[PDB]
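Asks: Experimental coordinates for this protein are included below, preceded by the sequence.
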Amino acid sequence: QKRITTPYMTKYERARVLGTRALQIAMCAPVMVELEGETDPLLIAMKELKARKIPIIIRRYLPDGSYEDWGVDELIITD
Amino acid sequence: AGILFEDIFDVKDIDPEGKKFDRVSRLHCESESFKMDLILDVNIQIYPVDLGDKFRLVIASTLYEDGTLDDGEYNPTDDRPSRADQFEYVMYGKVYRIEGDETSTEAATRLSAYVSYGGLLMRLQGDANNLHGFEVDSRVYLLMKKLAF
Amino acid sequence: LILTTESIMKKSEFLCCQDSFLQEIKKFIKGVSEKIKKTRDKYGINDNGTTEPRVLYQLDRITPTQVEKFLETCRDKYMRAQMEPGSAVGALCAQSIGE
């Protein structure tokens, strides 16, 4: 098993992961960080990504039907 | 005494291409000790330079003979008698674009230096050994004084 | 300079991109070296590193520490210059001729 995909984290997947985490944290989810006093869980959803503490696995599908598993902690976040 | 350069110059031409600004003018100078072309800009409102005059130009750092090099400049404080009170024109700029003469394609030894005093440009040309310091990045104080004889 | 560049280029990280970009940067790194020799025999300078005129070494100075960061930065910019997988190229190109 060897990965044939770019390791850089796309913005298309970054946005969807951020949205999923923001929607899940607002569902009375256990936080993976000690947050400051602040509302709008969308604002703190980026904090977990900056600290690489998001338990989400990205499954990339190929045209043939091949599945590739990637970790948010394994991806490279660049900005 | 950290003197980087010092000489006596004479103004040959001044503002040759008409006039554009109302407070700044171009200056063309020359020397007798070492052949060199000095070009700079000085304020006319403060320092009214005329044609055919001899002045003394000194480029150096660390005004105070006491301190090695100080952190921040204070305007009215005079703890250490510096070289600025003896002269009559002070500038503080930095050097950039260290290039030489390109006309002589084969062996030459003529080097040039550009200085920017926060907008006002200064060009120097001359000998290689005459320019002893003049590093690429250096904060240098310019000192000018009129010599009327 | 040539041996240092081609020694630092043959690494485990640099063998991930197209060799066309590597030849394109080899065309530029080689051309910078020809600019240095003409300036060095212009005034007369020995490269052993002992000549009492000290300013003649400040015209075009290239040190091996700052040349590695340049290569790393350009190679990393070539990584981000690649188009992201998943972008809508049809809709993007459809409006480029609109305005």
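Replies: Structure received. Numbering: from 1, shown residues only, chains lettered A, B, ... in the order given.

Asks: Can you report how many residues neighbour the residue lying closest to residue B:100 once chain neighbours are set aside?
Replies: Nearest residue to residue B:100, sequence neighbours excluded (CB to CB, 6 or more residues apart in numbering or on different chains): residue B:111, at 4.8 Å. Every C-beta, even on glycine, is put in place using the N, C-alpha and C of the backbone. Number of residues near residue B:111 (other CB atoms under 10 Å in any protein chain shown) recorded here: 24.

Asks: Could you list the residues in contact with the strand or helix carrying residue B:111?
Replies: In this structure, residue B:111 sits in strand B:110-117 according to DSSP states H and E. Strand B:110-117 is touched from outside by B:59, B:91-101, B:104, B:121-128, B:131, B:134, B:140, B:142, C:55-56, with contacts defined as CB atoms under 8 Å, 6 or more residues apart in numbering or on different chains.

Asks: Same question for stretch A:10-26.
Replies: A:31, A:41-42, A:44-46, A:48-49, A:54, A:56, A:58, A:72, A:77, C:84-87.

Asks: at 6 Å instead, please
Replies: With contacts defined as CB atoms under 6 Å, 6 or more residues apart in numbering or on different chains, stretch A:10-26 is touched by A:41-42, A:45, A:54, A:56, A:58, C:84, C:86.

Asks: quick one: buried residues of it?
Replies: For stretch A:10-26, burial by neighbour count (16 or more other CB atoms under 10 Å in any protein chain shown) applies to A:10, A:13-14, A:17-18, A:21-22, A:25.

Asks: chain center to it, what's the gap?
Replies: 6 Å (CA atoms, centre = their mean, to the nearest Å).

Asks: ok, so of the buried residues of stretch A:10-26, who is nearest residue C:36?
Replies: Of all these, residue C:36 sits closest to residue A:10, with 41.5 Å by CB to CB.

Asks: quick one on the thing from earlier: any chance of a ChimeraX selection covering the buried ones in the contacts of strand B:110-117?
Replies: For the buried members of the contacts of strand B:110-117, the matching ChimeraX selection, counting by 16+ other CB under 10 Å, is:
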select /B:59,91,93,95,98,100,122,124,125,126,128,131,134,140,142 /C:55,56
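
Asks: In strands, which of the contacts of strand B:110-117 appear?
Replies: Within these, residues falling in strands by DSSP state E are B:59, B:91-96, B:121-127, B:140, B:142.

Asks: Pick out the most distant pair among those residues.
Replies: Counting by CB to CB, the most remote pair of the ones in strands among the contacts of strand B:110-117 is B:92 and B:127, 25.5 Å apart.
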